[PDB]
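First, one chain by itself: the form deposited in one PDB entry, in C-alpha cells.
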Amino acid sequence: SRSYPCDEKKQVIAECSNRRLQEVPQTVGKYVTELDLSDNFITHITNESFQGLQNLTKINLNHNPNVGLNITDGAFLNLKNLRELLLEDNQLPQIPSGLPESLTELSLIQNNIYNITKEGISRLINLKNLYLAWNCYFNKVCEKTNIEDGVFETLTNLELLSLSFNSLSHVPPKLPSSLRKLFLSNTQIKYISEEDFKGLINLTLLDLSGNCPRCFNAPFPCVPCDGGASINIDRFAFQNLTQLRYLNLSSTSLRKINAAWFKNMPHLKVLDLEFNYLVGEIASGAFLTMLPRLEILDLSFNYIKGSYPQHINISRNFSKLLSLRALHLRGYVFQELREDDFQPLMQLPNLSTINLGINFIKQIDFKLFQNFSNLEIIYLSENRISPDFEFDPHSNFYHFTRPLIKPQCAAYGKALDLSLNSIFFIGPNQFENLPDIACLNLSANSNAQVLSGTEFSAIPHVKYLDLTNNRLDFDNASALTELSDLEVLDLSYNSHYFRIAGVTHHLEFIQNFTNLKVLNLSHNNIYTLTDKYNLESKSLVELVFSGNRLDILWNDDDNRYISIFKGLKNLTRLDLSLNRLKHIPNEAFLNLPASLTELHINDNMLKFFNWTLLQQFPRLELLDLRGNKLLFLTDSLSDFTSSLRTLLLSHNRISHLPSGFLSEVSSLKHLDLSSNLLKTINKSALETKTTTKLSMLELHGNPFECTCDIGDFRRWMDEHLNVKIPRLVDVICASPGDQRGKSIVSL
C-alpha cells in the first residue's frame, strides 16, 4: 500500500516535509523510525500525536507552523527510542517540559526561549548535542537569556553546546567536562575570565565570535562594546584548552593578540580572526610563533576604515607557520602586491591556498606566485587588477563556505581566479612568469578584445577556462587555439557583440581543439554568424546553447543554419533551452548529432513536436521538453524510439493522454507529466498491453476531476506500487467545487 502523505524510503525514513499537514499524520507506516515533519502546519503536539509510532528515533518538527507551536508537558515522553528531536523555528516560549531521557540530540534553535531551566534540561543526561542558539539576537524583541545555575553540569555526556545569538553577558559556569565543542558566538560576552573554561580539557572547538563586535558597515544590527573596545580575554583563559583544534575570535574587535593564549594549544589547526582590527598584529605578530601546527588562518576584513595603503605588511613571523595550508586575507585593502611583500610565505611547504579577494588591488607582480613551494589556488577575485531570517543558523556567519574555485575547474590542477577585476585587455605579457595554470577564471573583467590565438601562449596548458560575463568580440578564427589542451570552455554571457547584426562574428575556432569536451555558449544572444554557419568538433561532448536565438537561426525562411550542430560528431548532451523556439523545422531537428543521449529544449514556446524524428536518434535516453506549450502526444512512441528512458513534459498544455500510451512507451523509466491540463487518465491510456518499465510518473499540478472519472486511475495507482508517484499531496482534484484542493489518493 502506497505511503501517504509521507514519502517513505528505507535508507526507514518518512519524509513528510512541506505537505501542508495541519497535524501529525495518523497514517504513518509502523516501521518508521525517522520522521520528518518540517515545514508543515502543526500547531499542537500532544501525547496522542505519536501514539502508534513508539519505534521512532528521530523527529524533525522544524518550522511548524510554517510561516506558533504548542507542545503539552510530556508529549514526547512515551517515546523510549527518541534520540533526536528538532524543534527549530517553532516560536517556542519555553523549553518543552517532560522531554524523554533517551534524547541524545536536541535543537531549539530560532525560538523565543529566554529561560534555560533545570526542569527542562537537567534530567536529559544522555544529551550529546544541545543547540539553544538564535533565541535573542539583533533587533528582535526578546529577553536576556536566563541560564539557571548548574543546568548543564549534570549533562555528563554533553559533547556539543551551542548558545550563540542569545544575550548571556557571561560564559555560564558549571559546564560539563565532556564538552568537545562550545559555541558562544554573539552572546554579548565582553569578558572572558580564567575560570570560564577551567574544566573543559577535552574542548576541541571554541567559538567566541561576535562578542564586542566590529560594527562598522555591519550587514546586521550590530551593537559594539563601549568605545568599540576589544573583547577582554584573560591571559590564562585558554590555559587548560590543550586539545583545541578550532578557535573562532571573529569580530571581537581585537587589536592585540596575546601570544600566551596559545602557549598550551599545540594542536591548534584553524584560527578565525576575521573582522578585527589586526593590521598592526599582521605586521608584527608574536602570536604566529605559537602556531606550528596551524593549517587554516583567516584574517579577512581587518582593514582600517578610510585607508588604502600601498602595500600589505606581512610579518616575517608568518614564516613560522610551517603547517599552514590556507591563508585568507580578504578585505585588508591595499593597492599593490610586490614580490617582497610575500617573502615570509614563500618557504611554507604546504601553503596551497591564498585568498586575496576584495582588496581593491590595482597591480600584482605575478612572478611572485611562482616562488611559492606549492600554490594550488591563487584567489584574486574582486579586485581592481588592470592590464523568515536571512542568516542560516547552520552556516558560518562571517564567511560563505562555498569553495573558492569550482571543483570542476580546480580538479584539473593549479587555479588562478582573476574574476571580477578589470583585465579588459590581455596584452602580450599578461601571463608571463605564472605557474603551470590549468584552471583560469577571467569572468567579468569587462573584456571586449578580439582573442587572436596568442593571448594565452604563456600558459598553454589551461584545461578549464572561464571567460563568462565579458563583452568579448569573437572576430578571429584562431581565438584560443594556443590552448591545445583545452577541455572545458565557458563563454556564457558574452552577448555584447553577438547582439549586433552589423559586426562580424566568428566561432570557427571551436573546431581546432582536440580535447575540448564541454562548451558553454549560453546567453550570448547568438542569431547571426559570419561565413561559417556550422559549429564543428570531433571531440566536443556537451554543448550548452541556452539563451540564444535559434528561433531566428532556424526561421522558416533561412536554410543557412540548418546543420549548425551536425558537425559536432561526438556530442551527447545538447541544451537548446531558452531559445524562444515555437517549433523546430524537421530538417533542423534531423540534423542534430545522431550521437545525442541527452537533449534539452525546455523553456521555449514549443507548440509542435514531431515525435517521428526520434527514429534518427537511437542513443537518445533523455528528452527534456518542460516549460513549453505542447498540447499533443504521440500514441506510437515505441515505433519512434526504444532508447528513451526519461521524458520530461512538465509545464505544457497536454490535456489528454492518448489510447495505449503507457504500454506503448515501454522503454521509459521516468515520465514527467506534472503541471499540465490533465483532468483524467482513461483506462485506455493505462491499458497495460505489455508490462511497463516505468518506475516514476509525475502528475502533480494537473487539474484532476474528482468524480466517477478518476476511479480508473486510483485503481491503477494501487496495482502498480512499482511506479512511484511523487507529491501525492499535490496530485489534487481541481474539481468539482466541493473537493477542490483535496488530494486524489484520498477519495
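Residue numbers here begin at 1 and follow the sequence given. Definition used throughout: the rigid core is the maximal C-alpha set that superposes within 1.5 Å between two forms.
Same protein, other form: the form deposited in another entry, not shown, and the subject of what follows.
Asks: In a superposition on the rigid core, which residue from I296, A218, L613, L677 has a CA displacement reaching 2 Å or more between the shown form and the other one?
Replies: C-alpha shift of at least 2 Å: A218.
Asks: For a quick test of reading the superposition: does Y493 move by 2 Å or more at the CA between the shown form and the other one, rigid core aligned?
Replies: It does not, since the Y493 C-alpha is displaced less than 2 Å between the shown form and the other one after the core fit.
Asks: Inspect the rigid-core superposition and answer whether the C-alpha of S642 shifts by 2 angstroms or more between the shown form and the other one.
Replies: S642 C-alpha, core-superposed: shift of less than 2 Å.
Asks: Superposing on the rigid core, is the Cα displacement of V503 between the shown form and the other one 2 Å or more?
Replies: The answer is yes; the displacement is at least 2 Å.
Asks: Note whether the distance between the C-alpha atoms of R499 and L625 decreases (closer) or increases (farther) in that other deposited form, against the displayed form; the change is 3 Å or more.
Replies: Farther: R499 and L625 separate by 3 Å or more in that other deposited form.
Asks: Using the form shown as baseline, tell whether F498 and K517 are closer or farther in Cα-Cα distance in that other deposited form, where the change reaches 3 Å or more.
Replies: Relative to the displayed form, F498 and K517 move farther apart in that other deposited form - a change of at least 3 Å between their C-alphas.
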